[PDB]
Each structure stands twice: as structure tokens, then as C-alpha cells.
Amino acid sequence: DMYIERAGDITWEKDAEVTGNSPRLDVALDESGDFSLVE
Amino acid sequence: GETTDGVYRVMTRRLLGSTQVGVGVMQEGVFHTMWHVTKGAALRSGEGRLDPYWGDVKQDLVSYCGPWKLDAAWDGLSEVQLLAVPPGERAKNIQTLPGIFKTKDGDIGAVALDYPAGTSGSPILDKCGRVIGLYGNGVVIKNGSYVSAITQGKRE
Ligand SMILES: Cc1cnn2c1CNCC2
Ligand SMILES: Cc1cnn2c1CNCC2
């Protein structure tokens, strides 16, 4: 049995930690909703 | 149950202890999550029941109590924030500049941030606090890093 619990408000936070790169990738999406890399 | 707008954890007591299987967004009385988090099953909020209303395995999205309400879109230029809600940990904002998933049907923003699978369904936001999609449907790239699409539904 699945249940939900509140975790917070949805807001933009000034001076949040900034990380992560921005890759441009060719991908395919199959009938099962799974992505795969196209090469 | 609780119907206040905001971000929620999706939990199960079927496995050992209480396990976080995902996250979701409550907005305008509709609960929004990724299909793979619930597999379309009913949810509980206290003593209240949330029944699935719309879903699609290919988009990997599902709404409860009403139709999909989130329609904001990434502008294709600006940094966004993932409001990550990891299992057993406090909600935390992470700012990033999305990359792009290029597909035969068009381009989609993507966020190169790696969190445990039970973080799936966490919202990605723009600078006005609008939900531009949900985190958790993605791929593993060449160097072994995980990258998630910014998955958004359609408001009918
Ligand atoms: C992580 C996970 C599990 N099942 N699915 C996914 C993502 N793509 C849709 C199906
Ligand atoms: C957010 C999510 C969903 N599935 N997975 C992840 C990250 N680690 C790889 C598997």
C-alpha cells in the first residue's frame, strides 16, 4: 500500500548549490517509456 | 487527507520497513508523479484515497484526482532548479543549466544530476517557481553519468 507525506513547498531558492553539466545527446524513446543513446 | 500544494514523498510498507519509491507534486488538487513510481496503483493520504485519473507509460507520467495541471516549459536558455527529495533526506534545491535530449520527435531539456531512484518524480522549476517537468526518466551516458529528461505532461 502506497502513501504520500508532505516534504516541502515548491519555490526557487536564491543561492542554492549550483552543479551539473549540460550534455547534448541523441536519444530514442521506446514504447515502454525507456530512453536509450543513439550512436 | 492532505491536499496542500507542494512536494510529497511516495512511500510503501510492502518491503523492509518504510521505503521511499518516489516523489510527486500536488497542485490545484491533483497529485502528479512518474508512472514507474506507482505503476498506476491507488495512493493513500492519511485516511483519504487518491485514485489514478490519467496516465501514459510512454511519457512515464500519471495524475491522481484530476487531469494533468502542470504546463510550464523550460525556456531553452536559463538555469533551472531540481527540488530533489532523496530517500531519508531533507528536500534540497540544486541549480543547473540543462542539456538537451535530441529525438526524432523534437528536442527536450535534460538535467545531468544523479540521485537515488526513489528521488524519481522530484520537480524541476523555473525562476518563478513554476514546475517545468519531473525528474527520473533518463539514461546512462558514455562516462557512466546519469542524465534525466525534464519530463512534462500536457494540460488539456
Ligand atoms: C526507472 C524506470 C523504471 N521503469 N521505467 C523507468 C524509466 N522509464 C519508464 C519505465
Ligand atoms: C533518478 C533515477 C531513476 N532511475 N535511476 C535514477 C538514478 N540512478 C540510476 C537509476
# chains A, B, ... in the order shown; residues from 1 in each chain; ligands from 1
>>> residues_near_ligand(ligand="ligand 2", cutoff="9 Å", atoms="only C-alpha atoms and all ligand atoms", output="list in words")
residues 22, 113, 114, 115, 116, 117, 118, 119, 120, 121, 122, 135, 136, 137, 138, 139, 140, 145, 146, 147 and 148 of chain B
>>> write_last_selection(atoms="C-alpha atoms", output="mmCIF file, in the first residue's frame")
data_model
loop_
_atom_site.group_PDB
_atom_site.id
_atom_site.type_symbol
_atom_site.label_atom_id
_atom_site.label_comp_id
_atom_site.auth_asym_id
_atom_site.auth_seq_id
_atom_site.Cartn_x
_atom_site.Cartn_y
_atom_site.Cartn_z
ATOM 1 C CA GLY B 22 9.383 8.192 -5.448
ATOM 2 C CA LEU B 113 22.168 15.233 -11.819
ATOM 3 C CA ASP B 114 22.378 11.794 -10.172
ATOM 4 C CA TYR B 115 20.180 10.928 -7.175
ATOM 5 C CA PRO B 116 18.858 7.538 -5.872
ATOM 6 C CA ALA B 117 15.970 6.023 -7.915
ATOM 7 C CA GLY B 118 13.476 6.823 -5.117
ATOM 8 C CA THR B 119 14.042 10.557 -5.922
ATOM 9 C CA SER B 120 12.058 9.960 -9.266
ATOM 10 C CA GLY B 121 9.136 12.403 -9.528
ATOM 11 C CA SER B 122 11.021 15.359 -7.944
ATOM 12 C CA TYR B 135 12.948 14.236 -12.786
ATOM 13 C CA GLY B 136 13.597 10.495 -13.132
ATOM 14 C CA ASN B 137 13.168 9.198 -16.659
ATOM 15 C CA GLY B 138 16.612 9.179 -18.254
ATOM 16 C CA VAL B 139 19.744 7.440 -19.470
ATOM 17 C CA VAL B 140 23.354 6.493 -18.528
ATOM 18 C CA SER B 145 26.956 9.542 -15.567
ATOM 19 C CA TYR B 146 23.118 9.609 -15.289
ATOM 20 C CA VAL B 147 21.103 12.271 -17.148
ATOM 21 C CA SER B 148 17.302 12.711 -16.718
#
>>> residues_around(residues="residue 38 (chain A)", least_positions_apart="2", cutoff="8 Å", atoms="only C-alpha atoms", output="list in words")
residues 26, 27, 28 and 36 of chain A
>>> residues_near_ligand(ligand="ligand 1", cutoff="6 Å", atoms="only C-alpha atoms and all ligand atoms", output="ChimeraX atom specification")
/A:33-34 /B:36,60,137
>>> residues_around(residues="residue 52 (chain B)", least_positions_apart="6", cutoff="7 Å", atoms="only C-alpha atoms", output="compact mmCIF listing (two decimals) with N, CA, C and O atoms, in the first residue's frame")
# COMPACT_ATOMS: atom_id res chain seq x y z
N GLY B 40 0.63 3.01 -11.61
CA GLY B 40 -0.79 3.33 -11.73
C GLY B 40 -1.64 2.88 -10.56
O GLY B 40 -2.87 2.97 -10.62
N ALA B 42 -3.44 2.85 -6.71
CA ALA B 42 -4.05 3.86 -5.86
C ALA B 42 -3.10 4.29 -4.73
O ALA B 42 -2.18 3.55 -4.36
N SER B 63 -1.40 11.21 -13.22
CA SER B 63 -2.07 12.18 -12.35
C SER B 63 -3.17 11.46 -11.56
O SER B 63 -3.77 10.47 -12.03
N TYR B 64 -3.47 11.98 -10.38
CA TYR B 64 -4.46 11.43 -9.44
C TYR B 64 -5.43 12.56 -9.08
O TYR B 64 -4.99 13.71 -8.89
N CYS B 65 -6.74 12.22 -8.95
CA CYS B 65 -7.82 13.14 -8.55
C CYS B 65 -8.28 14.10 -9.64
O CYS B 65 -9.33 14.73 -9.48
>>> select_by_dssp(residues="region 25-156 of chain B", states="strand (DSSP E or B)", output="PyMOL selection string")
chain B and resi 25-27+30-33+43-45+48-50+52-56+61-64+80-84+92-96+99-103+106-111+123-125+131-134+138-140+146-149+151
>>> closest_atom_pairs(of="chain A", to="region 73-94 of chain B", cutoff="12 Å", atoms="only C-alpha atoms", output="JSON lines")
{"residue": "A:5", "atom": "CA", "partner": "B:85", "partner_atom": "CA", "distance": 11.4}
{"residue": "A:6", "atom": "CA", "partner": "B:91", "partner_atom": "CA", "distance": 10.2}
{"residue": "A:7", "atom": "CA", "partner": "B:91", "partner_atom": "CA", "distance": 6.4}
{"residue": "A:8", "atom": "CA", "partner": "B:91", "partner_atom": "CA", "distance": 6.7}
{"residue": "A:9", "atom": "CA", "partner": "B:91", "partner_atom": "CA", "distance": 9.2}
{"residue": "A:10", "atom": "CA", "partner": "B:83", "partner_atom": "CA", "distance": 7.5}
{"residue": "A:11", "atom": "CA", "partner": "B:83", "partner_atom": "CA", "distance": 8.4}
{"residue": "A:12", "atom": "CA", "partner": "B:81", "partner_atom": "CA", "distance": 7.0}
{"residue": "A:13", "atom": "CA", "partner": "B:93", "partner_atom": "CA", "distance": 6.7}
{"residue": "A:14", "atom": "CA", "partner": "B:93", "partner_atom": "CA", "distance": 9.4}
{"residue": "A:15", "atom": "CA", "partner": "B:93", "partner_atom": "CA", "distance": 9.4}
{"residue": "A:16", "atom": "CA", "partner": "B:93", "partner_atom": "CA", "distance": 5.8}
{"residue": "A:17", "atom": "CA", "partner": "B:94", "partner_atom": "CA", "distance": 5.3}
{"residue": "A:18", "atom": "CA", "partner": "B:94", "partner_atom": "CA", "distance": 5.9}
{"residue": "A:19", "atom": "CA", "partner": "B:94", "partner_atom": "CA", "distance": 7.0}
{"residue": "A:20", "atom": "CA", "partner": "B:94", "partner_atom": "CA", "distance": 8.9}
{"residue": "A:21", "atom": "CA", "partner": "B:79", "partner_atom": "CA", "distance": 11.1}
{"residue": "A:22", "atom": "CA", "partner": "B:79", "partner_atom": "CA", "distance": 10.1}
>>> write_last_selection(atoms="C-alpha atoms", output="PDB file, in the first residue's frame")
ATOM      1  CA  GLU A   5       3.887  12.508   3.026  1.00  0.00           C
ATOM      2  CA  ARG A   6       4.474  16.261   2.516  1.00  0.00           C
ATOM      3  CA  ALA A   7       8.182  17.148   2.026  1.00  0.00           C
ATOM      4  CA  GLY A   8       8.060  20.905   1.286  1.00  0.00           C
ATOM      5  CA  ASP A   9       6.904  23.941  -0.663  1.00  0.00           C
ATOM      6  CA  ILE A  10       7.845  24.334  -4.345  1.00  0.00           C
ATOM      7  CA  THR A  11       9.938  27.509  -4.528  1.00  0.00           C
ATOM      8  CA  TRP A  12      13.040  28.843  -6.258  1.00  0.00           C
ATOM      9  CA  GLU A  13      15.854  29.317  -3.701  1.00  0.00           C
ATOM     10  CA  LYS A  14      18.386  32.131  -4.135  1.00  0.00           C
ATOM     11  CA  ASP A  15      21.991  30.920  -3.734  1.00  0.00           C
ATOM     12  CA  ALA A  16      21.066  27.223  -3.993  1.00  0.00           C
ATOM     13  CA  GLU A  17      24.118  24.955  -4.712  1.00  0.00           C
ATOM     14  CA  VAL A  18      24.974  25.211  -8.477  1.00  0.00           C
ATOM     15  CA  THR A  19      26.247  21.992 -10.176  1.00  0.00           C
ATOM     16  CA  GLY A  20      25.883  19.588 -13.162  1.00  0.00           C
ATOM     17  CA  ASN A  21      26.979  19.767 -16.789  1.00  0.00           C
ATOM     18  CA  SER A  22      24.727  20.327 -19.904  1.00  0.00           C
TER      19      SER A  22
END
>>> closest_residue(among="A:31, A:37, A:23, A:4", to="residue 25 (chain B)", atoms="only C-alpha atoms")
A:4
>>> atom_distance(atom1="CA of residue 48 (chain B)", atom2="CA of residue 5 (chain B)")
16.0 Å
>>> residues_around(residues="residue 2 (chain A)", least_positions_apart="2", cutoff="6 Å", atoms="only C-alpha atoms", output="ChimeraX atom specification")
/B:11-12,43
>>> decode(residues="region 1-26 of chain A", atoms="N, CA, C and O atoms", output="short mmCIF file (atom, residue, chain, number, x, y, z; two decimals), in the first residue's frame")
data_model
loop_
_atom_site.label_atom_id
_atom_site.label_comp_id
_atom_site.auth_asym_id
_atom_site.auth_seq_id
_atom_site.Cartn_x
_atom_site.Cartn_y
_atom_site.Cartn_z
N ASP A 1 0.82 -1.21 0.00
CA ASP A 1 0.00 0.00 0.00
C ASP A 1 0.85 1.26 0.00
O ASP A 1 1.68 1.48 0.91
N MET A 2 0.64 2.11 -1.00
CA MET A 2 1.43 3.31 -1.12
C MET A 2 0.78 4.53 -0.52
O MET A 2 -0.43 4.70 -0.63
N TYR A 3 1.57 5.35 0.13
CA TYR A 3 1.06 6.54 0.79
C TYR A 3 1.93 7.74 0.54
O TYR A 3 3.11 7.58 0.23
N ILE A 4 1.37 8.94 0.67
CA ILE A 4 2.18 10.16 0.44
C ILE A 4 2.40 10.95 1.74
O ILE A 4 1.56 10.88 2.64
N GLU A 5 3.54 11.68 1.84
CA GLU A 5 3.89 12.51 3.03
C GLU A 5 4.43 13.83 2.50
O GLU A 5 5.32 13.80 1.62
N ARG A 6 3.96 14.98 3.04
CA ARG A 6 4.47 16.26 2.52
C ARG A 6 5.97 16.41 2.83
O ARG A 6 6.41 15.99 3.90
N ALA A 7 6.75 16.94 1.86
CA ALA A 7 8.18 17.15 2.03
C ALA A 7 8.59 18.63 1.92
O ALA A 7 9.71 18.96 2.30
N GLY A 8 7.73 19.49 1.37
CA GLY A 8 8.06 20.91 1.29
C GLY A 8 7.21 21.73 0.34
O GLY A 8 6.31 21.20 -0.32
N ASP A 9 7.52 23.03 0.29
CA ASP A 9 6.90 23.94 -0.66
C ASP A 9 7.74 23.87 -1.96
O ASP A 9 8.95 23.60 -1.93
N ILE A 10 7.13 24.25 -3.07
CA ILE A 10 7.84 24.33 -4.34
C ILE A 10 8.20 25.80 -4.59
O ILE A 10 7.33 26.62 -4.92
N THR A 11 9.47 26.14 -4.36
CA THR A 11 9.94 27.51 -4.53
C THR A 11 11.34 27.53 -5.13
O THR A 11 12.12 26.59 -4.96
N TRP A 12 11.68 28.64 -5.77
CA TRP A 12 13.04 28.84 -6.26
C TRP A 12 13.84 29.38 -5.06
O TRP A 12 13.34 30.23 -4.32
N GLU A 13 15.05 28.86 -4.83
CA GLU A 13 15.85 29.32 -3.70
C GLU A 13 17.07 30.05 -4.17
O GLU A 13 17.85 29.49 -4.92
N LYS A 14 17.22 31.32 -3.75
CA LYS A 14 18.39 32.13 -4.14
C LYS A 14 19.64 31.53 -3.50
O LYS A 14 19.58 31.04 -2.38
N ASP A 15 20.75 31.51 -4.25
CA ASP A 15 21.99 30.92 -3.73
C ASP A 15 21.82 29.45 -3.31
O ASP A 15 22.23 29.03 -2.22
N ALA A 16 21.14 28.67 -4.15
CA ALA A 16 21.07 27.22 -3.99
C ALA A 16 22.45 26.74 -4.50
O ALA A 16 23.12 27.47 -5.23
N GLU A 17 22.85 25.50 -4.20
CA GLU A 17 24.12 24.95 -4.71
C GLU A 17 23.99 24.83 -6.25
O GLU A 17 22.92 24.45 -6.72
N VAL A 18 25.01 25.27 -7.01
CA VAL A 18 24.97 25.21 -8.48
C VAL A 18 25.92 24.13 -9.01
O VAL A 18 27.13 24.27 -8.86
N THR A 19 25.39 23.07 -9.66
CA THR A 19 26.25 21.99 -10.18
C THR A 19 25.64 21.29 -11.42
O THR A 19 24.54 21.63 -11.83
N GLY A 20 26.36 20.34 -12.01
CA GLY A 20 25.88 19.59 -13.16
C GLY A 20 26.31 20.17 -14.49
O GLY A 20 26.42 21.39 -14.63
N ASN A 21 26.62 19.30 -15.46
CA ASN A 21 26.98 19.77 -16.79
C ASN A 21 25.72 19.83 -17.69
O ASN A 21 24.60 19.62 -17.19
N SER A 22 25.87 20.15 -19.00
CA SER A 22 24.73 20.33 -19.90
C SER A 22 24.94 19.53 -21.20
O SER A 22 25.18 20.13 -22.25
N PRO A 23 24.93 18.19 -21.14
CA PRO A 23 25.23 17.41 -22.35
C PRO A 23 24.14 17.48 -23.41
O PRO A 23 22.95 17.48 -23.05
N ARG A 24 24.53 17.49 -24.70
CA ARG A 24 23.62 17.47 -25.86
C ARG A 24 23.74 16.06 -26.42
O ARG A 24 24.80 15.67 -26.88
N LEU A 25 22.67 15.25 -26.30
CA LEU A 25 22.73 13.84 -26.63
C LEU A 25 21.64 13.42 -27.59
O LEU A 25 20.51 13.82 -27.40
N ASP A 26 21.94 12.52 -28.51
CA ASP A 26 20.92 11.97 -29.42
C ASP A 26 20.35 10.77 -28.72
O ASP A 26 21.10 9.88 -28.33
#
